[PDB]
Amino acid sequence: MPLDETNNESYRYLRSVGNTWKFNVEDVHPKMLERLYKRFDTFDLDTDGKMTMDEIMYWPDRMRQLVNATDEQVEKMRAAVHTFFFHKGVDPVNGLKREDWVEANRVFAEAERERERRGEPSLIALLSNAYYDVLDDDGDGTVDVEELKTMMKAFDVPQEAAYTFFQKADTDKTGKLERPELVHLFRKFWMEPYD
């Protein structure tokens, strides 16, 4: 029933490197509780209180429909999404229960911090750089605001949210999100509190 190294990849990883981190729900702010549960319920397509990989993969598959990405780009995105949500606690067999979702998110965040400290690759960056190429339907090597709006549409976010996020991440002022700026955006969208 409770998350640990036997049923959650992020606990598995922390314990493998001696990280003693423990979850305390009192640490999670109300905004983040609100956003996490809303994300769960949006992802939980059948409203059974469980998140499964099949439900998670509906969204990148909708992204694929809205662009014309290469088969290998699409396969990189599929792989990245699978790895990301596995490390977020979505067992490919057991899924993940609503009541463990907040905790699954917070142990994943500690595991990304441990990775950072250890110079190991960020899984958020992996997810962002795989989506990058799929979003870049132009072929121009970058993501422009229309390319980001398409992502909003695939995710049932109103296409006007794109202008906000884009402005905040294009600190370059290039009119494009280069790969570090989409990382920045994905770190917020998929983990960190909004500033």
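Each residue number is its position in the shown sequence, starting from 1.
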**Asked** In the PDB record, does 176-184 or 5-13 carry the higher mean Cα temperature factor?
**Response** 5-13
**Asked** Per the PDB record, is the mean Cα temperature factor higher over 77-85 or over 91-99?
**Response** 91-99
**Request:** Specify which of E147, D170, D133, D27 carries the largest Cα B factor in the deposited PDB entry.
**Result:** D27
**Asked** Based on the PDB record, which member of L36, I56, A154, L126 exhibits the highest Cα temperature factor?
**Response** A154
**Asked** Considering only modelled residues of the same chain, in which third does the CA B-factor of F189 rank: lowest, middle or highest?
**Response** middle
**Request:** Grab the CA temperature factor for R106 from the record and place it in the lowest, middle or highest third of its chain.
**Result:** lowest
**Message:** Looking at the temperature factor on the CA atom of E112, which third of the chain's modelled residues does it land in?
**Reply:** middle
**Asked** When the modelled residues of the chain are sorted by Cα temperature factor, does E72 land in the lowest, middle or highest third?
**Response** middle
**Asked** Among the chain's modelled residues, which third holds the C-alpha B-factor of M51?
**Response** middle
